[PDB]
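Read the structure below first, then the notes.
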Amino acid sequence: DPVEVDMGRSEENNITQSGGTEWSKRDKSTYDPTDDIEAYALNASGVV
Amino acid sequence: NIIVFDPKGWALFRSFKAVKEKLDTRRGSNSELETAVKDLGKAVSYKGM
Numbered sequence: 148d149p150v151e152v153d154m155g156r157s158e159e160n161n162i163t164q165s166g167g168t169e170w171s172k173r174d175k176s177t178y179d180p181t182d183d184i185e186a187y188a189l190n191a192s193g194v195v
Numbered sequence: 196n197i198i199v200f201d202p203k204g205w206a207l208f209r210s211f212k213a214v215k216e217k218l219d220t221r222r223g224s225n226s227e228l229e230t231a232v233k234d235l236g237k238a239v240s241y242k243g244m
């Protein structure tokens, strides 16, 4: 029987990429990936 | 002798090509700086000099 488990995680985590910031349509040879990384990691409750 | 950057502002300031070049020149400057990912979790983080 279908039984699920959901330990409470807010929607702000597990971020998907939509519209812009696709990391594919974005220019290589001029974009640094660090900016997204720093922003994504902002939601982590503790050091990573 | 100290500058406080909000993370978006620091990302904007780091995006420039020339400010990266101030670190890579052999004799241009003496700017030790960690322009990569560092200290993601904590609040205050020191980025070189």
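So the sequences go chain by chain: O and S.
Take PDB author numbering: the last position of the first sequence gets the number 195, and nothing is skipped along the way.
Take PDB author numbering: the last position of the second sequence gets the number 244, and nothing is skipped along the way.
We put the beta carbon where it would ideally sit given N, CA and C, even for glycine.
Tell me where the alpha helix (DSSP H) around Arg-209 (chain S) begins and ends.
If you number the second sequence from 1, residue 209 (chain S) lands on position 14. From DSSP, the alpha helix (DSSP H) with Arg-209 (chain S) extends over 202-209.
What residues of chain S sit near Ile-162 (chain O), judged by a beta carbon separation below 9 Å?
For this step, residue 162 (chain O) is matched to residue 15 along the first sequence. What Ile-162 (chain O) touches in chain S: nothing, since even the nearest Cβ is about 15 Å away.
Do you know offhand how far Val-150 (chain O)'s Cα is from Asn-161 (chain O)'s?
Taking the first residue of the first sequence as 1, we reach residue 150 (chain O) at position 3. Taking the first residue of the first sequence as 1, we reach residue 161 (chain O) at position 14. Roughly 22 Å separates the two Cα atoms.
Should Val-150 (chain O) be flagged as near chain S, meaning a C-beta pair shorter than 8 Å?
Numbered from its first residue, the first sequence carries residue 150 (chain O) at position 3. No, because no Cβ of chain S sits closer than 8 Å to the Cβ of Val-150 (chain O).
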